[PDB]
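S.K.: Under UniProt numbering, the very last position in the sequence shown is 173; numbers go up by exactly one each time. Quick reminder that beta carbons are idealized off the backbone N, C-alpha and C, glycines included. Could you have a look at this structure, given as structure tokens, before my questions?
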Amino acid sequence: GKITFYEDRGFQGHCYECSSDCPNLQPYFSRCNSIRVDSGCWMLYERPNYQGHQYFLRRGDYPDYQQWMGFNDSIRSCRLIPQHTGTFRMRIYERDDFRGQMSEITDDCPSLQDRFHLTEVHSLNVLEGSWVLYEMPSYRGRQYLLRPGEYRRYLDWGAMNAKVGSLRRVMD
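Right, here's the structure in full:
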């Protein structure tokens with residue numbers, strides 16, 4: 002994977018090229034207002050150690066932080082997300098701790114409301130692949146990376162509530 006962070010918009014100003022996970026990008030650049038992703042699927046984070054607002058980016062040119070639905074120009078850590086192939090799989094649950102009705106998801110879902118008549122998911126188990134959870138339908142709003150593993154409360158994927166609008170498999 003290869004990604005380049007620019008301090009100013011339109012690919013101007015001080016910049017930095019990265020090809021791995023980095024828990025603290027502050028030793029390399031101070032702000033980010035545009036990005037070129039050459040390869041790889043990336044999750045970017047507002048704060049060091051993969052904290053704060055999260056943003057999903059794939060190959061392409063991003064001339065302003067609005068293009069990754071950014072809240073501000075802070076990008077202070079990043080993950081190169083492993084690219085799974087074959088079947089992605091997760092289980093979503095109505096209640097905490099894998100309780101309530103369970104639904105299995107093995108493809109993209111642009112509206113959990115349309116598919117399941119749900120507005121909230123309170124726990125989920127990612128069995129195969131990485132995913133991005135979105136606050137709003139059609140892959141909009143706040144974003145949360147779901148790596149394989151157990152998420153017994155919505156707090157575990159970094160959200161401040163259980164609202165889930167859409168879900169996307171991490172694929173290039």
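Quick one: Cα of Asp109 to Cα of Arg154, how far?
M.R.: Going by the C-alpha atoms only, they are around 22 Å apart.
S.K.: If you compare alpha carbons, which of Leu45, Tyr7, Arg60, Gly11 is closest to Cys23?
M.R.: When only C-alpha atoms are compared, the closest one is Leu45.
S.K.: Span of the beta strand (DSSP E) holding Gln144?
M.R.: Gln144 -> beta strand (DSSP E) spans 141-147.
S.K.: Could you give the DSSP three-state label for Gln84: helix, strand or coil?
M.R.: Note: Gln84 maps to coil in three-state DSSP.
S.K.: Please work out which residues of its chain come closer than 6 Å, Cβ to Cβ, to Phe99, disregarding the five sequence neighbours upstream and downstream, and give them in chain order.
M.R.: Around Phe99: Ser124.
S.K.: Tell me, please, which residues DSSP counts as bridged to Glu105.
M.R.: The partner list for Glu105 (beta bridge, DSSP) reads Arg92.
S.K.: Assess, as a yes-or-no matter, whether the segment 59-75 is touched by the segment 25-35 under the definition of 3 or more beta carbon pairs within less than 8 Å.
M.R.: Yes, since at least three Cβ pairs between the segment 25-35 and the segment 59-75 fall closer than 8 Å, the two stretches touch.
S.K.: Check this for me: beta carbons of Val165 and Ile93, under 9 Å apart or not?
M.R.: For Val165 and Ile93, yes; Cβs fall inside 9 Å.
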